[PDB]
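Here's the letter readout for the chains.
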Protein chains: 2
Amino acid sequence: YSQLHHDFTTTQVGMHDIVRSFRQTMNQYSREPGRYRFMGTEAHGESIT
Amino acid sequence: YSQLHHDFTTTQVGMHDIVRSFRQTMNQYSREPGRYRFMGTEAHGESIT
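Residues numbered from 1 in each chain as written, not as in the entry; some residues may be left out. Chains lettered and ligands numbered in written order. Part of a larger assembly, values for the part shown. Heavy atoms only, no water.

Structure determination for this entry is recorded as cryo-EM, at 2.83 Å resolution.

As structure tokens, then:
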């Protein structure tokens, strides 16, 4: 896996609108006060930006 | 220009959040009714999706 540059298999263009769609589904349950639904993701090992 | 595959010079990852930032700047002026500010872009010649 380390012998290639992975520009076509990781972080494609429309990837962030799928993750933003998961956040909207979890917003239908986080409206009542005191029951906010947390959403966290794991970080990219290679980049911090 | 047609002898290359343009994957590093067109439609990069963070491009749509810049265009969505232009839309927020134009929202400070489109609040009063009857003075909505229109925003249109030119289409990609090659793709429709």
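Read on for the rest.
Caption draft 1: Up close: the side chain of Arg23(B). All names here are of chain B. Residue position: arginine 23 is located in helix 1 (residues 15-25). Within the buried set, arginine 23 has no salt-bridge partner at all; the shortest N-O distance to an opposite charge, 13 Å, is to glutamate 32. Looking at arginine 23, its side chain comes within polar contact range of the main-chain oxygen of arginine 37, at 3.0 Å. Once you skip the residues sitting within four places of it in the chain, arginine 23 turns out to touch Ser30, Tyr36, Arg37, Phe38 and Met39. (Helix = DSSP H or I, 4+ residues; strand = E, 2+ residues; numbered from the N terminus. Buried < 20%, exposed > 50% of the residue type's maximum accessible area, 1.4 Å probe, protein only. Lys, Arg positive; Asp, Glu negative; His and termini not counted. Salt bridge = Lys/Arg side-chain N within 4 Å of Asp/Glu carboxyl O. Polar contact = N/O pair within 3.5 Å; in protein donor to acceptor, adjacent residues only side chain to side chain. Contact = heavy atoms within 4.5 Å.)

Caption draft 2: Quick peek at the interface of chain A and chain B. Listed per partner, the contact involves 6 residues of chain A and 6 residues of chain B. Put simply, chain A and chain B have 2 salt bridges between them. Between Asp17(B) and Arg20(A) there is a salt bridge; the shortest N-O distance is 3.8 Å. Where chain A meets chain B, there are 0 residue pairs in polar contact.

Caption draft 3: Up close: the relation of the copies chain A and chain B. Expressed as a screw transformation, the operator carrying chain A onto chain B has a rotation angle of 180° and an axial translation of 0.0 Å, and the superposed copies differ by an RMSD of 0.0 Å. Between the two chains, the operation in question is that of a two-fold axis. Residue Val13(A), judged by its C-alpha, is the member of chain A lying nearest the rotation axis, at 2.7 Å. An overlap of 100% is found between the interface residues of chain A and their copies at the interface of chain B, pointing to a shared contact surface. (Least-squares fit on C-alpha atoms.)

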